[PDB]
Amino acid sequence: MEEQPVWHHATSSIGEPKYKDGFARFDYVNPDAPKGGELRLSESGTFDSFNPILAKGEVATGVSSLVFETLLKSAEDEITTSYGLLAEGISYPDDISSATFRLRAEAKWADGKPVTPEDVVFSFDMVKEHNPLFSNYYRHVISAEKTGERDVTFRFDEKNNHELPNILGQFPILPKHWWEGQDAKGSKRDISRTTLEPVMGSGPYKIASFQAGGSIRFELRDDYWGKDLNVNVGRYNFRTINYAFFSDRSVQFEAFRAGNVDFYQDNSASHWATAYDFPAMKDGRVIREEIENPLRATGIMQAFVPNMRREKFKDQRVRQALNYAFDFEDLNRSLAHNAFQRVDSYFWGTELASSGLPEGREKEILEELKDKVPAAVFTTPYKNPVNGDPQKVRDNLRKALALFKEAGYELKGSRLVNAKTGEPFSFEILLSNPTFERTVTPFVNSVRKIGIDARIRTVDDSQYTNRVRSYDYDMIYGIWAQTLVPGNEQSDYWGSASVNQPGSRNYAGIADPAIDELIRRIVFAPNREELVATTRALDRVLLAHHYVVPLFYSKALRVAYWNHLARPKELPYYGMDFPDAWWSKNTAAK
């Protein structure tokens, strides 16, 4: 039966919330951070829409982060804990069959109207209708309904989906009266379409001005309802946050070297080692940091991702052969200044990574699926090829050719061809920017040695997003990041239902009954021990199918910034909270 409700100020999918009800602020912030000053940021690519939820066009990241808010705010000094932001509290029955959020009486839109349950209901229905990521994420949430003056209740299709109250705190809340209203031209607004009309939110910043496709100026609102709320103390300090968009990374970095961009996150090991020979780098005007914080408690798979919707990549032997052709040792040494570590798990860098042979509960879970998983899961620990020397490079290429021969492809006149049709084995690697070319060219050169015509096709970010949405590629240089609590998002990465649905993150086109069963077991995991064992079992099965060519990664974010930006003395353990917890030194100096 139902019992007297228990209200919570926070939710956690792992452990207990660090902060008690009534806490004043997060520990890491500077409570006296001054309000003021300009922060100049850069963003790759462009934008052509301010619609924060429609998965169409190109939207600036600052819109959802600075103008809109969610029901709960995730603490960057904890793993999954979230605290009441637009919601004052959360209540749910023990069986997790529903979840109710009580909205804060003080929460207001920038136009002064209250944030209401009607807004939450509209936002929920709209994210599910217009955004494939949230459509999947909330697939087990049947409905949202107003159940009180300030209450929204979400109902679930099945009990014991433990993370649902937590993940429901992550979607932006949009103003129903505004989206169902009329613009200045007298035209009804439409959430189903892109827009360049500056959108209105409940967040700390408003869109003050913009140059479509080129820049956006966000301005801090002194009337932001949540300015003094515990999760916001010492946060949202810059008066103005300008974003300038760049399609050329070198032009973007030149803007940083000129002091026209204040902060730069460097994703290239060679650029980090060589591009900083400029005067401001020598006299303390620019600071460089290698920050591990945002990558702690994060699993990473970065890979060459073949598209299994295409006949050329359907054979596991072909996909395995491509790994034998990739030489990581040479790439790391000759081009990457030895900066990287080879990835060997979809949950690499966490306790969720499978290792060795399956044991205990992990082995038991796989045993109930023995007729449906690769035989290798019980006999063969996953390993990548290693190219310690030139004879080994040739031997690994011989192994690639052997796998291709088993798959029906043979060298004819030093070109790898389909043995029955004569059609050459060829593929295109789609890249989003020329900055990826130097990393990918060695792989192209390696497969060319065994008769494969691989070609790079570099496009711009707008074309890239449009092609990836429709899976219009043979292969991409892809990435999937994971938390320590796998859940409802997993079906967006490897679930069968996402293969033929545009806009999913199932880039390889994986469709497998055993994987689907493991994803279901993760979602409905009764406890942490069962979740960990099931996740390692899923990782082991994914790896044994050789769906991708795992690449590499590092354990720290490389950032450089101008010394007029101030950061908290100690960054939150699991993040940087940039730019929200940072502030202007020009302002502090009056």
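Numbers for residues come from their place in the sequence shown, where the first is 1.
Checked against the record, the higher mean CA B factor of 176-184 and 281-289 lies with 176-184. Note on 464-472 vs 348-356: mean CA B-factor is higher in 348-356. When the C-alpha B-factors of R235, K159, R319, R217 are read from the PDB record, the largest value belongs to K159. Comparing C-alpha B-factors across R309, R505, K383, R438 in the deposited entry, the largest value falls on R438. Annotation for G15: C-alpha temperature factor in the highest third relative to the rest of the modelled chain, per the entry. Ranked by Cα temperature factor within the chain, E489 sits in the lowest third according to the deposited record. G22: CA B factor in the highest third of modelled residues in this chain (values from the PDB entry). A60: CA B factor lies in the highest third for its chain, per the PDB record. Sorting the modelled residues of the chain by their CA temperature factor places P34 in the highest third.
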